[PDB]
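K.L.:
Take a look at this one; I'll ask things after.
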Amino acid sequence: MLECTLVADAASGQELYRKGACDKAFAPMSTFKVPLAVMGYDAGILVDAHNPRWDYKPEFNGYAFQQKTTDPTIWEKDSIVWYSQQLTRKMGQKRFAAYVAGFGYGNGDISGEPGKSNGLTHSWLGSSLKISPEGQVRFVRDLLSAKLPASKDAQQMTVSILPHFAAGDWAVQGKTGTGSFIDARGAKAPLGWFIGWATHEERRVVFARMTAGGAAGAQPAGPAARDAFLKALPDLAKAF
């Protein structure tokens, strides 16, 4: 459908590969757990790879498979939405809004759902906040270079906690996003992300794969984008 693969060199910033429409902004969904980690570590609310450890509570109202005890590592690996929301509740509106503005993240619109005043906990979840694959790559390069307006330690910690994958000789880390949007004909259309970086020999690349439209598959769009990108990477790498 609408599909983007964008790959740049992490060190030099040079664009290495592009396919599809990569300049259209969509809801970041769970890819927003990457900047949230930076925020959480900088704020001192998140401590390390395994702390704090939070139990699920029914008032959090989380997804059935995500109703389990979570730490920062499990949060990123299993994409635990309620953990994000507990984090933003604790950091508060002032700090959240300061971080999003400081990061220059996508459209910077954290208003949330039109008539709900829920931006603090819902803005990245298929409502107000939008970012393009270009913006994602820009953000991730900044993260790896420790150039975000947050402590160096917070950015290094964030880098360390994203889940690991392998694609041939490439060692990969990255974060999925799965959501939906109402398309031009009023239909609920799937949205998928996989963003992160990959390392091989002297090279490190930063990447974003995004899919948008049209029919929901059995596999969530995020993991599907993840599998597709990992499958493609060794071939793409031949032309680096």
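Any read-out appearing in this document is the output of simple, stated calculations on the displayed coordinates, not a laboratory observation. Cβ sites come from the backbone with ideal geometry, for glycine too, and all protein chains shown count toward neighbours.
K.L.:
Which one of these does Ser30 not meet: (1) in a strand (DSSP E or B); (2) crowded, with 16+ Cβ neighbours inside 10 Å?
P.N.:
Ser30 satisfies every listed condition except (1).
K.L.:
Next question, about the same structure. Could you please give the count of residues in the stretch 112-126 that are over 15 Å from the mean Cα position of the chain (by Cα) and under 20 Å from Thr178 (Cα atoms)?
P.N.:
Residues in the stretch 112-126 being over 15 Å from the mean Cα position of the chain (by Cα) and under 20 Å from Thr178 (Cα atoms): 6 in total.
K.L.:
Limited to the stretch 209-240, what total is found for residues that are exposed (fewer than 13 other Cβ atoms within 10 Å of the Cβ) and of a type in the set (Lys, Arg)?
P.N.:
Count: 2.
K.L.:
Quick one: is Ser117 in a loop (DSSP other than H, G, I, E, B), of a type outside the set (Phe, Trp, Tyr), in contact (Cβ under 8 Å) with a residue 60 or more places away in the chain and surrounded by fewer than 21 Cβ atoms within 10 Å (Cβ to Cβ)?
P.N.:
On the way: in a loop (DSSP other than H, G, I, E, B): yes; of a type outside the set (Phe, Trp, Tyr): yes; in contact (Cβ under 8 Å) with a residue 60 or more places away in the chain: no; surrounded by fewer than 21 Cβ atoms within 10 Å (Cβ to Cβ): yes.
Here the answer is no, as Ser117 does not meet what is asked.
K.L.:
Residue by residue through the stretch 89-134, note down the ones that are touching a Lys or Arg at 6+ places or on another chain (Cβ under 9 Å), closer than 24 Å to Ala208 by Cβ and hydroxyl-bearing (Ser, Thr, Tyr).
P.N.:
Answer for the stretch 89-134, where residues must be touching a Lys or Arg at 6+ places or on another chain (Cβ under 9 Å), closer than 24 Å to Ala208 by Cβ and hydroxyl-bearing (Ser, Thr, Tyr): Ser127, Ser132.
K.L.:
Moving on to the next point. Out of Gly135, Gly214, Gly126, which single residue is farther than 30 Å from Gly92 by Cα, touching a residue at least 60 places away in the same chain (Cβ under 8 Å) and not in a strand (DSSP E or B)?
P.N.:
Exactly one of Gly135, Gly214, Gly126 is farther than 30 Å from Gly92 by Cα, touching a residue at least 60 places away in the same chain (Cβ under 8 Å) and not in a strand (DSSP E or B), namely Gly214.
K.L.:
Something else now. I'm told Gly222 meets every condition in (1) part of a helix (DSSP H, G or I); (2) closer than 26 Å to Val47 by Cα; (3) touching a helix residue (DSSP H, G or I) at 6+ places or on another chain (Cβ under 7 Å); (4) touching a residue at least 60 places away in the same chain (Cβ under 8 Å) except one. Can you identify the failing condition by its number?
P.N.:
Tallying (1) part of a helix (DSSP H, G or I); (2) closer than 26 Å to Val47 by Cα; (3) touching a helix residue (DSSP H, G or I) at 6+ places or on another chain (Cβ under 7 Å); (4) touching a residue at least 60 places away in the same chain (Cβ under 8 Å), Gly222 fails exactly one: (2).
K.L.:
Any residue that is in contact with a strand residue (DSSP E or B) (Cβ under 6 Å, 6 or more places away or on another chain) and either assigned to a helix (DSSP H, G or I) or touching a residue at least 60 places away in the same chain (Cβ under 8 Å) (or both) - is there at least one of those in the stretch 49-60?
P.N.:
Within the stretch 49-60 (the criterion being in contact with a strand residue (DSSP E or B) (Cβ under 6 Å, 6 or more places away or on another chain) and either assigned to a helix (DSSP H, G or I) or touching a residue at least 60 places away in the same chain (Cβ under 8 Å) (or both)), the answer is no, since none of the residues qualifies.
K.L.:
Filter the stretch 61-111 down to residues that are assigned to a helix (DSSP H, G or I), touching a residue at least 40 places away in the same chain (Cβ under 8 Å) and touching a helix residue (DSSP H, G or I) at 6+ places or on another chain (Cβ under 7 Å), then give me how many there are.
P.N.:
Total meeting the criteria: 13.
K.L.:
Then there is this: Only residues that are in a helix (DSSP H, G or I), within 15 Å of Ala10 (Cα to Cα) and free of Cβ contacts under 8 Å to residues at least 40 places away in the same chain: list them for the stretch 138-155, please.
P.N.:
Result: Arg138, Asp142.
K.L.:
Now for a separate question. Which of the residues belonging to the stretch 5-17 are within 19 Å of the chain's Cα centre (by Cα) and in a strand (DSSP E or B)?
P.N.:
Within the stretch 5-17, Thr5, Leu6, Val7, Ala8, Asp9 meet the criteria.
K.L.:
Do we find a residue being closer than 16 Å to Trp193 by Cα and of a type in the set (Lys, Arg) anywhere in the stretch 144-158? Lay out the reasoning, then the answer.
P.N.:
The initial filter retains those residues of the stretch 144-158 that are closer than 16 Å to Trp193 by Cα, namely none.
There is no residue in the stretch 144-158 that is closer than 16 Å to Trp193 by Cα and of a type in the set (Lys, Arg).
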